[PDB]
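Undergrad: Next one to model:
(10 chains)
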Amino acid sequence: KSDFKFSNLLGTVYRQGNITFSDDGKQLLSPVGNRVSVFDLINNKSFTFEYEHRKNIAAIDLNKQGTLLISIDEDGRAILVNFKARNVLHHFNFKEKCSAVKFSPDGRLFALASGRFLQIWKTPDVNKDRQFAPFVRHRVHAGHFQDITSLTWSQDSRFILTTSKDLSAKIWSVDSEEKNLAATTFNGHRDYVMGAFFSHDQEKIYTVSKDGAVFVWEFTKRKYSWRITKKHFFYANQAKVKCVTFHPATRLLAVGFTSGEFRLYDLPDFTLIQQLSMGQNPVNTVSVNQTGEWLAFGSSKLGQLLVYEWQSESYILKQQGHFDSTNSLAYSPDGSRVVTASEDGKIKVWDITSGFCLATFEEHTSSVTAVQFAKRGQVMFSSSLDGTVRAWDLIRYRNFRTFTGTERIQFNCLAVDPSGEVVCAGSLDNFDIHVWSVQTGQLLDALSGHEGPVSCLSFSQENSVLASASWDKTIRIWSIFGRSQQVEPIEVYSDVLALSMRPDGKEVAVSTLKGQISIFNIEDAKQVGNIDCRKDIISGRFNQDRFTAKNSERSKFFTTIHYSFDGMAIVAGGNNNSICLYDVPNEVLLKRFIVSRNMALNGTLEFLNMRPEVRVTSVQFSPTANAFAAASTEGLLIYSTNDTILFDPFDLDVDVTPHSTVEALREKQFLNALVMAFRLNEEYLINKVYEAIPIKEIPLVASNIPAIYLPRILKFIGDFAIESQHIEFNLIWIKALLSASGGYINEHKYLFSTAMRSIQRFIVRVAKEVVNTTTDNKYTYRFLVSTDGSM
Amino acid sequence: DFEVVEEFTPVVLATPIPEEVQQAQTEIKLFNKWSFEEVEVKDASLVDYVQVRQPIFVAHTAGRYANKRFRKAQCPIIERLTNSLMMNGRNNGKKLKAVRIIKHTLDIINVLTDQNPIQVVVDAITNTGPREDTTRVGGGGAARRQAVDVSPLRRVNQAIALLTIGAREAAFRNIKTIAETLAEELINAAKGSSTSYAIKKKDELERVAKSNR
Amino acid sequence: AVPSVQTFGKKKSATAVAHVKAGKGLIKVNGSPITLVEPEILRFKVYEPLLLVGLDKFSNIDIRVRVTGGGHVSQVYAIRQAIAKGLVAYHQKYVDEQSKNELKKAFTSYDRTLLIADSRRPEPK
Amino acid sequence: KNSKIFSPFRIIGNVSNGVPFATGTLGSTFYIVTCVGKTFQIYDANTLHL
Amino acid sequence: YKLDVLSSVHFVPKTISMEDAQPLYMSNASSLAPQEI
Amino acid sequence: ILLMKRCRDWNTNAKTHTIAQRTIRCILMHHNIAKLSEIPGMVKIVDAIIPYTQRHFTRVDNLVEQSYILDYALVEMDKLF
Amino acid sequence: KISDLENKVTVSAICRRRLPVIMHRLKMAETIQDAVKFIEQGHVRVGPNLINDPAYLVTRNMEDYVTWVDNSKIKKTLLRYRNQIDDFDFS
Amino acid sequence: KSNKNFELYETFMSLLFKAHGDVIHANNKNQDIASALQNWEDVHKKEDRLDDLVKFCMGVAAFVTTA
Amino acid sequence: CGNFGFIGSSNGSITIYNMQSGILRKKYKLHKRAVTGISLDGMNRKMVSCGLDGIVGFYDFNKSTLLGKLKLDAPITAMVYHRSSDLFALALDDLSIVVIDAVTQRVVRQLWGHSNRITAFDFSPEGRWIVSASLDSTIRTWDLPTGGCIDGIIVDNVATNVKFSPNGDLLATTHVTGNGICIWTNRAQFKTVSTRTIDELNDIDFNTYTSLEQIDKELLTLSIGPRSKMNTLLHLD
Amino acid sequence: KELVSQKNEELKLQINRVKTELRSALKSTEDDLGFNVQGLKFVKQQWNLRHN
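TA: Numbers count the residues shown, from 1 in each chain, chains lettered A, B, ... in the order given. The coordinates are given below.
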């Protein structure tokens, strides 16, 4: 139930390193921060690998069979991963600095730029089992004078071109038996040579320099060896060559300069095919497809990534993260998209089924604080430190109100009632709670009441009470509607951060500064319980310390809380690198996740023998997806769950077996087979019996279903119907279900809430779109036949 | 069979605590005499407006029970009884006097008619509180009555006010005092005798409501 | 050198300082034992801090409580507050934290005015 | 006999059995090589990692 | 930048062209308010 | 084009709206399309016609979507007895 | 002040927002020579979070909440000398 | 006809119409394109059963959630 | 949660001590002979005692009552608990393995097969397999969903104890001889393996089910694949 | 919640009649609206195809 794996990573779409395509162009994998990510570019999706280096990552590749990746960090901690099942495989340590790695095209061997030398290793296998010492060093080469800046492989596995910062570009053979063929050293460029590539027919060797020279070495006469037959120049004014690649099978040379520009050429005649520019900050790495069509770029300063189809000059993805900022997030109450709000001062609207920033919102000057949706998730709000809060819609994607105080005061948090009328916000240095009407963008009232600065707000969802909470150790229940403005204070022991409210509107959870969580009833004012949470978070020993690693109350509190939509689990994170999640009725930790292991981040580990610092600033549960998002210093973190490999059944006994379910299905007792599979609660059995129930008895089974499996059935039908294909079968199942048992869920409204969100965002995301498309087709037919125009 | 042992030494503190107190530490009885267990409200529609689910030790739980609309329906019924009983011109803020006379009152309703005194006071409240009522409808100046109903909070409030002011009227200046006259009036209202001032006023109010309904 | 701990409690103007230390059971108010509290009808109001949890959590300690200021019933509320939060502080920092927040859950389940006081004054309507 | 789920990987916590371990030089790092029951291990002689 | 790095808790880092930051790919003035049109 | 100006005036309501939609229907199904395109200046008013009738289309679509609660009440009243 | 920011905002004012001299003007220490020792040992928070670098500029809206943490030796000995050590909330 | 990739065939047909359906409207009522898209709509007009289904289901879902 | 130690004696007295001071906290006394298996949920809400008179006690432990007392018909050597799926497995002395769940208290899986005393349990971390090593020198891997074996490794030495990794890739088995602890690597998380009973429908065999392309002809489908392809195709101008 | 629990064959026949005629009327006026908006968008798009 708390089997939260680390699935996706929205935000920071590329940080540092070299983007690489797969063996085909389907999977683009990128070196984000510590981990890596993989974007599936046809079945358009994304995931992020579960492993983690000990430092920042520096070079990635996967071999040409597509079945084995190796990533390698900034110092020599090689991670080797069996790619096709996402299991970490081997944990090697190369002894010194790595610059670039490259698999040979056959897959037997790989080559590594170890500073001034060059390493040549043969890979282990993936069909046989886990070895112990699987790396066999084939050969080292030590012919240079300075560090290697790149490698390229030949088409066959015979020759590599090592281009270095010393001005030689050297050709080196892979085996010593034919070493007398070509061990030569092409000099000649003015300053640093940053690339060297074979052609298709491997009789021509191009070498590209820093200043913008392209040299074409050829084996012609004046025994007779390796003259330079053609010289080309790029003629950028003060933009040196920053990255290069050369796909030989279509003769395409992509060169990105150090001023955000890239050009790309058909090389043997050297004609400029296409030239454009990305920004005012240098493109750091390039890559091509195996087949020349797709062509991806990664700029490292802002951290943005392009892909390019240059036959028809159009893109497929164009994303851009941030530079070390993610200050809040919010889901939509139909859980299909997620707003993040970034401390650089800009809003991004990702969608969780894709992994793409489908919208930026660049409006704010100063930093942003928090975001909050309202009214089923097509109106959102955003509060800044600039001095204003502002509305946005997610239909037109535009502002329509900019609420401000008349005083130029920043804000810290905000909230909005479900009946989308009033908007409250909470500041830092005027101690008040402002409310604006969202119908007419005016200040309704300066709703005062506290003695100090407020820190966290929430409106309810059933009575729409306000629950403010402030650093005078006080939370404050407000009722602002209907002639009253009723105030009721509740007084906690220590200082107070981080309020959240249960979605049934009956109680409110609040963190403290004395490492605790409390829950308060709000029609009463008594407590229910306090979860003590100051012994189970491990902050990191800073590199700027005299004290110890545990006793120092650095982040022994919880800066952000959220409830879950069933009402029991509470997820909580603070300025330390520990995400906890609890339940309320038993006051125990379900689980604790460390968020990261970057020793580049200062307070990360416990025993390290200014800086970027690990931090988690906003955590929320999904309204349907059974995932939770954290907003770390890295980016958005998505821990997802599943009905998969965990075998957590529901009152089975001796006779219910999957064999028994499938024989009851073939003996056609369909309701007994369905409850026999839902008692078992296993993924393939549920899916098999659900598909294999035919159509003429869906009323029978949906009427004689029990009254205790219904939220599980609704949740499964929704979370299978989103990414299913049988949309008329899903719609028949839902029609039968909430026609046969419609009143019962209406009298038991609350425990169906995390299912009825799902099958409603199943409808308004794919089914209504398909239905208005066939609506438009019917109307265009009816027009094109009913009218008559013969010019 | 089943057994759970938690304490092992005979716990006796260095100060001698009375045996009735360390007997009450097992289960909280009211005034260390009366269990809030086995008290049920024999009527419906006044549960969760009387409150006999919290065993207190003495009717002086001085929490804030009036700064909301309906949150004076959760402090317990005998604390509302002694607080409604405390008020007249001769006494305001004499709450320890009010507590000691409610102590004598429930003690002597035990010594007369032992059901248990909180059971007696709870079904006394249920039988006392009226069920239909009249209001002055406007009509421009005509003194026409009209029949309405009463919410359970109004029933409980008017029940404790009728019991208290009936004991006031029954020991204003005659032989007995407020303690034993609250005892006798409350056992009459608990039995349903129609001799107490409370059921006299309930029957009068329901009679005029029935008449000009 | 004994393990001592000191807590404060206050209703309207009365003040109660409580010294909980490892003893043998005795519980004192101005020297006089806890059986003799002055107003004689709120003696159970001062008992119920040491009656919600059982006397076996008081077998190992002894409590001396000085009380000045305030009226009668404000003094006895101050003593019950000092007794309760002194017991939970002694169990916070000298025996197990599970026993500490078990006591704290029991007190905040009875009523949280046994631990902290609503010490913020009125509403200007 | 032969398994189908679990392949045997490494006997750990065992450094010898009683067989005389041998030694040798891989250039710089002297390696000792020990016998444990059914398999053999190889240790370095500078750090005594394996 | 230099002011909030001095006065903040956490650190703060800072021809033919294109742009990676946009409101939407799909709508593109086919989503306008009818009152404004 | 005068009647089309009147239709564009009538279109931006919810009471005077179905009249405008059936007027533009009768014109559109009883005239020539190249005639309606090369009438001078008759795109500067149909570009104001189309978003209002799109908004009304989604509104009547949402209302006919909401009309299925009578179907739900019928299947529940059938399930009652 | 609008145009006379040319003359007053100098080193003696832009260093007056520093956490040692704000500490010394708040009389939380004897002098800067041990105020830097305290805030380098990591005893002093501002707002909710602890601050360790002794070059921090406490802003205008945070000067009110630059106070010692709970569970620290100096807070313990301050409350001991005042003899008000309410040991329920950790110190 | 076969009910497979229904959204893709609908968007192919709408792509056809808004790409160069102007010639279809122009020499409309020719026998060839008339009978061609006539049997196309004789197959297509069965495909409002899911229209009726979603207009049921979204309304009943909103009703049993809210009220 | 680490604040409670549980001790099961040779006279039925199970004592529950607090941990970080060592004082006794509570003492349950249900059995009349010795106690062999004690465990407790993650929620601190259901604890299980399992004594070799043959009886299993389900207690609440947040109150102090019991709320279940199942009897069985064999003595019990050992117990193990899978906390993530509220299940727990019992050795018996008619050589069966009985796994039962700590909510509904049924006898949910009865696993025969072994021929001598079993001496090692472990639940795999996903709760799909148990591994049992037994004094006929065998190691059998039971899949409790099908309630059947998968393989039996006949190891030459008798395997004393069998544990898993927290992330289910390693078996740590110690045998009766050999000083070291043998380590086994599974091929579990690399590929799905069959579910076929051994001695001496392929979808439910290999524990996966692909979705068929359509149910029948009159049931519509969508594009088998992505969903933004339709929007890109309708708006790509 | 009372309209379900009522027992009246006349009332449920009346509900069926009201339902089918109301949905016929609303689908008719939606037919008018959709046919108009698609014809008008064709008119505009072919004008722009002429001389955008």
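Undergrad: For the top helix by length along chain I, buried residues please.
TA: Secondary structure of chain I read by DSSP state H shows that its longest helix is helix I:228-235. Judged by neighbour count using 16 or more other C-beta atoms under 10 Å in any protein chain shown, the buried positions of helix I:228-235 are I:229, I:230, I:234. Placement of C-beta: from N, CA and C, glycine included.
Undergrad: ok, the first one - contacts?
TA: The neighbours of residue I:229, taking C-beta atoms under 8 Å, 6 or more residues apart in numbering or on different chains as the test, are A:44, H:8, I:223.
Undergrad: go again using 7 Å as the cut-off
TA: Applying C-beta atoms under 7 Å, 6 or more residues apart in numbering or on different chains, we find residue I:229 in contact with residue I:223.
Undergrad: how near is residue I:115 to chain G?
TA: As for residue I:115, its distance to chain G is 61 Å (criterion: C-beta to the nearest C-beta, to the nearest Å).
Undergrad: Oh, that last question was meant for residue A:746, not what I typed.
TA: 44 Å.
Undergrad: Could you list every helix and strand in contact with the strand or helix carrying that residue?
TA: Using DSSP states H and E, residue A:746 sits in helix A:742-747. With contacts defined as 3 or more C-beta pairs under 7 Å, 6 or more residues apart in numbering or on different chains; DSSP states H and E, helix A:742-747 has these neighbours: helix F:69-80, helix H:49-66.
Undergrad: Relative to residue A:209, which of those is closest?
TA: Minimum separation from residue A:209 across the helices and strands packed on helix A:742-747 (C-beta to C-beta) falls at helix H:49-66, 61.9 Å.
Undergrad: Please give the centre-to-centre distance between the closest one and its chain.
TA: Relative to the centre of its chain, helix H:49-66 is centred 20 Å away, using C-alpha atoms, centre = their mean, to the nearest Å.
Undergrad: Please apply the same query to stretch A:175-187.
TA: Its chain's average C-alpha position is 45 Å from that of stretch A:175-187, according to C-alpha atoms, centre = their mean.
Undergrad: Can you mark which positions in it are buried?
TA: Within stretch A:175-187, the residues scored as buried using 16+ other C-beta under 10 Å are A:182, A:186.
Undergrad: who's in contact with it?
TA: Outside stretch A:175-187, the residues that reach it (C-beta under 7 Å, 6+ apart) are A:159, A:167, A:168, A:169, A:170, A:171, A:172, A:173, A:207, A:217, A:226.
Undergrad: Switch those residues over to TSV; also include distance to chain G and neighbour count.
TA: TSV is the format used below for the contacts of stretch A:175-187 (distance: C-beta to the nearest C-beta, whole Å; neighbours: other C-beta atoms under 10 Å in any protein chain shown):
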residue	distance to chain G	neighbour count
A:159	53	20
A:167	44	19
A:168	46	21
A:169	47	30
A:170	48	23
A:171	52	20
A:172	49	20
A:173	55	18
A:207	48	24
A:217	55	22
A:226	58	14
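Undergrad: Quick check, the residue in chain D closest to chain G?
TA: residue D:47 (36.1 Å; C-beta to the nearest C-beta).
Undergrad: State the next helix or strand along the chain beyond the helix holding residue A:746.
TA: Heading C-terminal from helix A:742-747 (DSSP H and E), you reach helix A:753-756.
Undergrad: max-length helix in chain C?
TA: Assigned via DSSP H, chain C shows its longest helix as helix C:72-93.
Undergrad: buried sites along that one?
TA: Buried-residue list, helix C:72-93, by 16+ other C-beta under 10 Å: C:73-92.
Undergrad: Identify the spatial nearest neighbour of residue 12, chain neighbours not counted.
TA: Looking at chain A here, since you left the chain open. Spatial nearest neighbour of residue A:12, excluding adjacent residues (C-beta to C-beta, 6 or more residues apart in numbering or on different chains): residue A:321 at 3.6 Å.
Undergrad: ah, I was thinking of chain J
TA: Of all residues not flanking residue J:12 in the chain, residue F:77 sits nearest, at 5.0 Å (C-beta to C-beta, 6+ apart).
Undergrad: circling back to that earlier point, take the contacts of stretch A:175-187 and keep only those in helices.
TA: Among those, no member falls in helices (DSSP H).
Undergrad: Those residues: which two are farthest apart?
TA: Going by C-beta to C-beta, the pair spanning these furthest: A:167 and A:173, at 21.3 Å.
Undergrad: The stretch 301-450 of chain A against chain I: which residues are in contact?
TA: For the stretch 301-450 of chain A, the contact set with chain I under C-beta under 7 Å from any C-beta of the partner chain comprises residue A:354.
Undergrad: Can you give me the neighbour number for the residue of the stretch 301-450 of chain A found nearest chain C?
TA: Relative to chain C, the nearest point of the stretch 301-450 of chain A is residue A:449 (8.9 Å; C-beta to the nearest C-beta). Number of residues near residue A:449 (other C-beta atoms under 10 Å in any protein chain shown) recorded here: 18.
Undergrad: phi, psi of it?
TA: Torsion angles at residue A:449 (phi, psi; degrees, to the nearest 10) stand at phi 140, psi -30.
Undergrad: Can you name the residues that contact it?
TA: A:476, A:487 are the contacts of residue A:449 under C-beta under 7 Å, 6+ apart.
Undergrad: give me that answer again for 6 Å
TA: Counting by C-beta atoms under 6 Å, 6 or more residues apart in numbering or on different chains, residue A:449 makes contact with residue A:476.
Undergrad: Chain A: helices as residue ranges?
TA: Counting by DSSP H, the helices of chain A are A:658-666, A:670-680, A:683-692, A:698-703, A:710-721, A:727-740, A:742-747, A:753-756, A:758-762, A:768-786.
Undergrad: Would you mind finding the most buried of the ones you listed?
TA: Comparing the helices of chain A by mean neighbour count (mean count of other C-beta atoms under 10 Å in any protein chain shown), helix A:758-762 ranks first with a mean of 24.
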